[PDB]
Amino acid sequence: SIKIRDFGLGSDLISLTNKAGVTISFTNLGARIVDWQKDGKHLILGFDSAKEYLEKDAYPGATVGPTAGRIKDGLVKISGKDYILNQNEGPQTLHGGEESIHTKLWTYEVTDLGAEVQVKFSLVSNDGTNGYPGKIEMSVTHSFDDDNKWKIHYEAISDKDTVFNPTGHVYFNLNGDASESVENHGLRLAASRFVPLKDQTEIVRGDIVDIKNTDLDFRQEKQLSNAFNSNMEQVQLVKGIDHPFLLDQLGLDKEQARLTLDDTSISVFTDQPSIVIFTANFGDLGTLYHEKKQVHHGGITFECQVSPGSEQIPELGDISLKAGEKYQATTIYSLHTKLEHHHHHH
Amino acid sequence: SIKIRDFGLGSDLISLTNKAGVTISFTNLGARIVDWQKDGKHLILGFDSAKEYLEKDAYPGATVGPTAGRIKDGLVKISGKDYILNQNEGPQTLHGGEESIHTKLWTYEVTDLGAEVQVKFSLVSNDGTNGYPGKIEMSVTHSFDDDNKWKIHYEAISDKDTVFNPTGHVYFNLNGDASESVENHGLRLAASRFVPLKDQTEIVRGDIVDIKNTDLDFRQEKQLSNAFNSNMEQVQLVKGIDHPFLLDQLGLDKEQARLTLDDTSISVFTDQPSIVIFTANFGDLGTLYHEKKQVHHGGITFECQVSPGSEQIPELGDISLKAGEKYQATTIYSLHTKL
Ligand SMILES: OC[C@H]1O[C@H](O)[C@H](O)[C@@H](O)[C@H]1O
Ligand SMILES: OC[C@H]1O[C@H](O)[C@H](O)[C@@H](O)[C@H]1O
Ligand code: NA
């Protein structure tokens, strides 16, 4: 079943229910996921209206770009030239600049394929918007199927050589309550290295570091509390996790990460080289989600993209996009029940 | 009564019906007027869904900007510096460039005041968008009241010195049918001067001309057919009218123009200095409106704004907008039915 209704400010809420009775919802305001429920329980963080996103926090569940993450001094080099982008976090350009794509109303069309339903959102970033060369015709397809797979497929074409590396900003919290920390969740992640941050401004330090056998090593499943309790310098610097993890083996075919709570698991697949993990280190901010005050560590993202900092660490990749060349990316989040035995206490 | 329905592509259609039973409807796709009817008759041109506008012609009824009209070579000077805007008509920047504000989905809020209902649309134009310095936070409020007054009020604020001169692009056609020419309508317009066009590229020619006692003098009501059959080189150049007329007296209190057909009339009020009048000189194009094939001269606009061409004729005005200043504009289309 497919259902649509006004969500506020002119945005719509598109709600899907698959054959297994699992429901998921999206809005065209920032081509974003609003909710995902199983048995009446929220699997992710989200608000009840458009206004809330704009008044409380506009990133949760959104599509962010054109470049996800921080770009030191807002400086990028395009086909030989240096370009300065909108600077919204001090001298840094964070998540494409102020009033970016996550704040726009995208147009959309729904395609019903039976066992699969696709929601294709479109938007044009005009040439020069927030300093980005263009224009860039973008499209984000969110699809949900009978197999409980939520897939995100990105496509883009630019009239001019530019940069492009968007991502999906969903926050998971298997407790279904923002006021409950995700430290009770188990995490498995196929990554042996990470990118440390320079300082509080959160730009990259410049080096790549091996995390095997440290508190950030999740190759073998472990409780999140091990990280949160860590006194490692990087952890203390941001009061939790807020870093890019470099995947060891690439390819859409491999389960790169798995987040588990009791009988529920979320598996992560992607064709991108890294996953930026941010554990909502908001401290006492207490943003209200469904009338619940959010706690420090009350959520966790899995932002799959080319790691930020490629401007300083060329080894991370190249986010350039040549005029006329078609960009594509695919990330998938799949829901499973009883994939493993996870019975713990905190 | 107010009614909201899905207009396609995620866009909304907001319809307002006042005490008199007159119906006017808007869409957030381009903060635009879609229809206006009385007794089942359309007074303006419009389509039946969002896709139509995107496939056929995105200008009808839209809020166009940041700058309305043609800018020679896409060039503007801001604080003594040259800036090149997106060029979408040859080397000119027309109606703000490609994929401009008329094609974006604006957020909106409806305010029901009883005798009056307002629909406030908002959109943020990022700094650099199509070459325009910004951010420019813009709002366009469309309001309809029990006196049959459709009012448009614009407001904007920019973080940087830039340029700003939007307009409303509605096309009227009191015949209620696009296949019929507006040549039978009478027009009155309180303007004695006009701005001639250079040539077919439609950039301004450079001068300001007196229209007194010419085929373009409408100070005294007259049938459009007159102008339409004229031999003035300007009329011939464009095959109708496609020009800025300079208003004689400035101020919102004065009826600047009047469009009439039989018992029905439309009055125009604005706080702007000029009115650009375009008579849908599309030739054989034949765009379809409500299944009706549009004819040459099958519509007419009243684009109120600062005259295009101020980049070459300073006397026309100045469209600059200084950082931090609040821009405001108001235009009103008043419907009257004779008894
Ligand atoms: O709230 C936005 C959030 O987005 C990312 O995860 C960043 O790495 C965090 O530092 C933070 O800016
Ligand atoms: O179709 C849009 C229309 O906009 C204005 O009326 C112009 O002066 C015309 O030349 C035409 O471009
Ligand atoms: Na809607």
Side-chain angles (χ1 to χ4, degrees), chain A residues 4-14 27-29 50 56-60 62 64 68-70 88-89 92 94-95 102 105 107-108 167-171 195 197 200-204 238-244 275-282 285 287 299-303 305 307-308, chain B residues 4-14 27-29 50 56-60 62 64 68-70 88-89 92 94-95 102 105 107-108 167 169-171 195 197 200-204 238-244 275-282 285 287 299-303 305 308:
Chain A
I4 317 220
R5 89 158 155 90
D6 54 299
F7 187 56
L9 309 176
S11 72
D12 287 339
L13 178 68
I14 301 99
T27 177
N28 56 327
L29 168 71
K56 316 170 160 183
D57 182 353
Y59 294 119
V64 315
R70 309 183 157 79
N88 58 331
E89 194 195 52
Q92 267 61 259
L94 159 80
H95 294 326
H102 63 292
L105 285 172
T107 52
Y108 72 88
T167 197
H169 215 288
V170 60
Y171 285 92
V195 182
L197 315 183
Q200 106 204 77
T201 64
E202 309 173 338
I203 53 169
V204 304
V238 308
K239 289 137 192 214
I241 313 180
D242 196 1
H243 300 76
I275 306 178
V276 170
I277 290 166
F278 175 55
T279 56
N281 312 317
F282 302 115
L285 186 51
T287 302
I300 179 170
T301 68
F302 299 98
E303 315 171 47
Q305 53 169 102
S307 171
Chain B
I4 319 260
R5 85 177 160 86
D6 180 348
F7 198 44
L9 299 183
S11 77
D12 284 346
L13 180 75
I14 303 101
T27 181
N28 60 326
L29 173 76
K56 304 175 196 184
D57 180 2
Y59 295 116
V64 299
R70 302 179 167 81
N88 59 330
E89 200 191 46
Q92 268 55 257
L94 163 73
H95 296 331
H102 60 298
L105 285 170
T107 52
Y108 74 91
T167 202
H169 209 286
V170 63
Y171 284 92
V195 179
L197 311 176
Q200 52 331 104
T201 65
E202 309 164 71
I203 48 157
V204 312
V238 96
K239 312 170 280 150
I241 309 165
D242 202 357
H243 300 75
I275 301 179
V276 171
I277 301 190
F278 171 59
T279 55
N281 310 320
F282 306 117
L285 223 199
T287 300
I300 176 164
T301 62
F302 296 100
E303 310 174 45
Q305 58 179 92

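Whatever order the structure lists them in is the order used to number ligands and atoms, beginning at 1. The chains referred to below are lettered A, B, ... by the order of the sequence lines, with proteins before strands, and numbering in each begins at 1. Below, all heavy atoms of this structure are taken into account, side chains as well, without hydrogens, waters or symmetry copies.
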For this session: Please report the C-alpha distance between B:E89 and B:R70 in whole Å, then the side-chain angles of each, then the deciding distance to 0.1 Å, and finally whether the side chain to side chain contact (heavy atoms under 4.5 Å, CB included) criterion is met.
Result: CA-CA 9 Å; B:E89 200 191 46; B:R70 302 179 167 81; 2.9 Å; yes
Exercise. In B:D12, which N, O or S atom comes closest to the Na ion (ligand 3)?
Worked result: OD1
Exercise. Near A:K239 NZ, under 6.0 Å, is it more than 12 heavy atoms from other residues, nucleotides or ligands?
Worked result: no
Seminar exercise, completed: CG of B:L29 to OG1 of A:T107, rounded to nearest 0.5 Å, is 8.5 Å
Exercise. Between CG of B:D242 and OG1 of B:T279, what distance do you get to the nearest 0.5 Å?
Worked result: 7.0 Å
For this session: Apply side chain to side chain contact (heavy atoms under 4.5 Å, CB included) to the pair B:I14 and B:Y108, showing each step before the final yes or no.
Result: CA-CA 10 Å; B:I14 303 101; B:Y108 74 91; 3.9 Å; yes
For this session: Please work out whether the ring planes of A:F282 and A:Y171 are parallel, tilted or perpendicular, with thresholds of 30° and 60°.
Result: tilted
Report every pair formed by an N or O atom of ligand 2 and a protein N or O atom separated by less than 3.5 Å, giving atom names and the distance to 0.1 Å.
from	atom 1	to	atom 2	distance (Å)
ligand 2	4 (O)	B:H95	NE2	2.9
ligand 2	4 (O)	B:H169	NE2	2.9
ligand 2	6 (O)	B:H169	NE2	3.4
ligand 2	6 (O)	B:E303	OE2	2.7
ligand 2	8 (O)	B:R70	NH1	3.3
ligand 2	8 (O)	B:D242	OD1	2.5
ligand 2	10 (O)	B:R70	NH1	3.0
ligand 2	10 (O)	B:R70	NH2	3.0
ligand 2	10 (O)	B:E202	OE1	3.4
ligand 2	10 (O)	B:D242	OD1	3.4
ligand 2	10 (O)	B:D242	OD2	2.5
ligand 2	12 (O)	B:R70	NH2	3.2

